[PDB]
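For the sequence shown, position 208 matches number 317 in the authors' numbering, and the numbering has no gaps at all.
Report on the structure given below.
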Amino acid sequence: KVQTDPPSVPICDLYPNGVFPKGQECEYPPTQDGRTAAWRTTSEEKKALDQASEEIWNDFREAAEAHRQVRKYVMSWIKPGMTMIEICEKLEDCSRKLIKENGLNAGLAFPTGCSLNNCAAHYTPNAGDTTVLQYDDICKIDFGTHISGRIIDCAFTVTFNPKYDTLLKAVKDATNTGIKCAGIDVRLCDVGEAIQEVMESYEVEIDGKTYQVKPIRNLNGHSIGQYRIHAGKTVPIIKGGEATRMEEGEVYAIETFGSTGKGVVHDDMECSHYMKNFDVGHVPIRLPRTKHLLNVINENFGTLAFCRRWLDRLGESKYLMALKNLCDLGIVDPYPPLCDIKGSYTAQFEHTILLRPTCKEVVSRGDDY
Ligand SMILES: CCc1ccc(NS(=O)(=O)c2ccc(F)cc2)c(C(=O)O)c1C
Ligand SMILES: [Mn+2]
Ligand SMILES: [Mn+2]
Numbered sequence: 110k111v112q113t114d115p116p117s118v119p120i121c122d123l124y125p126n127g128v129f130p131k132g133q134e135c136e137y138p139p140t141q142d143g144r145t146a147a148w149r150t151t152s153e154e155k156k157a158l159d160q161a162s163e164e165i166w167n168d169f170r171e172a173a174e175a176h177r178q179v180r181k182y183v184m185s186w187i188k189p190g191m192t193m194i195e196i197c198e199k200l201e202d203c204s205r206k207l208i209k210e211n212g213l214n215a216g217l218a219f220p221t222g223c224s225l226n227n228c229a230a231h232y233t234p235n236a237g238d239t240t241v242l243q244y245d246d247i248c249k250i251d252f253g254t255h256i257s258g259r260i261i262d263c264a265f266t267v268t269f270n271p272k273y274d275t276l277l278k279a280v281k282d283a284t285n286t287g288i289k290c291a292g293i294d295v296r297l298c299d300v301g302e303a304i305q306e307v308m309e310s311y312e313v314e315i316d317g318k319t320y321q322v323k324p325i326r327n328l329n330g331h332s333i334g335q336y337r338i339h340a341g342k343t344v345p346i347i348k349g350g351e352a353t354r355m356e357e358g359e360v361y362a363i364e365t366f367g368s369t370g371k372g373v374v375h376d377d378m379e380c381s382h383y384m385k386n387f388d389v390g391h392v393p394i395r396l397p398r399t400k401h402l403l404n405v406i407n408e409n410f411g412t413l414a415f416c417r418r419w420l421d422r423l424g425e426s427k428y429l430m431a432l433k434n435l436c437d438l439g440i441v442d443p444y445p446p447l448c449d450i451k452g453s454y455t456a457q458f459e460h461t462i463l464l465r466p467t468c469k470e471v472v473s474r475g476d477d478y
């Protein structure tokens, strides 16, 4: 009925009523004519529309509470000296128990990202990686939980040297600025500019050098779909703006990345992230190993991202060639680590928000961030 010191009680059994805690509920940002959004807070039409998709919002909440309790636990023990593998496996072991992993009904939405320093995202260790977290490392812990495909994409940055404090704040503030600015009928490009003005209004000093924080321009937030980490709409972070507005009922992952490098990422290091193309249909495979591996992917991950380690834990061996095949066949897409120029530092803060009819909910919000 109460969580245990080292979290072990599933969020499930903590809220027996089946109703999970809501995130930070915000009133939608006004528009031109000071168009207030307090009319939706209790409109009759909207309230019916909201309570209409209540079971969904409730699932996002179960996952969010899982994310909150897991990360609270990670910040209490993540320390330099631990290998990236020890960290990810310890984090993922907790994440599996609190979300009560159940096939594709409940589990980890994507691999535990823990990109270091100049690398901003999509780095998680593969078997054999001997990398050890250092006192001067700036590590982005980015992991996700999901219930019935309702994905909670949320992340924070970890450091131990106070010299990055102002860099993390610059980015944490940039993220909240995009969260506050986001809303139904809000144009993506606008959320982007907002995020940039703030991000760039910060200047930091790290090891004698001064820098004006730069948003990683080729990185960004994005909309979320059931069992689909990236639904289709992207959230800028800079000045351009695709050509779109956020819509009622949508779900977005508002994330920003700040850097001292060139503010641009590129594929680097060995790949560990892979995900089945949400669009590709059923492809008959006769090649044994490739056929088997794909079956494992469909059974265990569906359209959710996974990593080599997760193939390992399932007892799969000698699967790289077969994984390459799936990749060359375009059935699976590789998602290599995205890093900025060597020597640069990058920070990241991310939250999942629900654009509900009556309000904007920052479901993954917590005491920490
Ligand atoms: C590796 C699976 C994956 C695919 C697409 C996106 N979304 S994205 O393409 O908008 C993206 C890519 C890199 C990044 F750093 C942020 C967002 C993400 C993600 O939300 O990070 C993941 C984990
Ligand atoms: Mn993320
Ligand atoms: Mn994301």
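Positions of the beta carbon are idealized from the N, C-alpha and C atoms, including for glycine.
Helix, strand or coil: how does DSSP classify residue i here?
i: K181; result: helix
i: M193; result: helix
i: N386; result: coil
i: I165; result: helix
i: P220; result: strand
i: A147; result: coil
i: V373; result: coil
i: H391; result: coil
i: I120; result: helix
i: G452; result: coil
i: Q133; result: strand
i: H460; result: strand
i: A352; result: coil
i: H176; result: helix
i: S257; result: coil
i: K199; result: helix
i: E470; result: strand
i: residue 484; result: The structure shown does not extend to residue 484, since the chain spans only 110 to 478, so no value can be given for it.
i: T240; result: coil
Using the Cβ count rule (16 or more neighbours within 10 Å means buried), how would you classify residue i?
i: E154; result: exposed
i: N386; result: exposed
i: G287; result: buried
i: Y454; result: buried
i: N285; result: buried
i: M184; result: exposed
i: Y182; result: buried
i: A161; result: exposed
i: residue 484; result: What is shown of the chain runs 110 to 478, which leaves residue 484 out entirely.
i: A147; result: exposed
i: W166; result: buried
i: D246; result: buried
i: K110; result: exposed
i: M308; result: buried
i: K323; result: buried
i: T412; result: buried
i: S332; result: buried
i: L207; result: buried
Kindly list the residues whose CB is nearer than 8 Å to the CB of residue i, restricted to its own chain and excluding five residues on each side of it in sequence; keep chain order.
i: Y444; result: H231, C380, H382, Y383, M384 and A414
i: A264; result: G222, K249, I250, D251, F252, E364, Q457, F458 and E459
i: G292; result: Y137, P138, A146, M355, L464 and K469
i: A229; result: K249, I325, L328, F366, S368, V374, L447, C448, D449, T455 and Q457
i: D238; result: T192, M193 and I194
i: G349; result: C298 and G301
i: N270; result: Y244 and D245
What I want to know is whether the C-beta of residue i ends up closer than 7 Å to one or more non-hydrogen atoms of ligand 2.
i: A362; result: yes
i: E459; result: yes
i: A264; result: yes
i: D442; result: no
i: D202; result: no
i: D251; result: yes
Could you tell me whether any non-hydrogen atom of ligand 3 is closer than 7 Å to the CB of residue i?
i: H391; result: no
i: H375; result: no
i: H331; result: yes
Under 7 Å Cβ to Cβ from residue i, same chain only, skipping five residues before and after it: list those, please.
i: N214; result: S257
i: residue 94; result: The question about residue 94 has no answer, for the chain in this structure spans 110 to 478.
i: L423; result: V405 and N409
i: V128; result: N167
Regarding residue i and ligand 1, is the C-beta to nearest heavy atom distance less than 7 Å?
i: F219; result: yes
i: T233; result: no
i: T343; result: yes
i: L225; result: no
i: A173; result: no
i: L328; result: yes
i: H401; result: no
Tell me which residues share the same chain as residue i and place their Cβ nearer than 6 Å to its Cβ, disregarding the 5 neighbours each side in the sequence.
i: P393; result: none
i: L242; result: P189 and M191
i: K281; result: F458
>> At 4 residues or longer, what runs of the alpha helix (DSSP H) sit wholly inside the region 296-325?
In response: Within the region 296-325, the alpha helix (DSSP H) runs of at least 4 residues that lie entirely inside it are, in chain order, 297-309.
>> Report the start-end ranges of each alpha helix (DSSP H) in the region 399-444 that is 4 residues or longer and not cut off at the edges.
In response: Runs found: 417-421 and 429-437.
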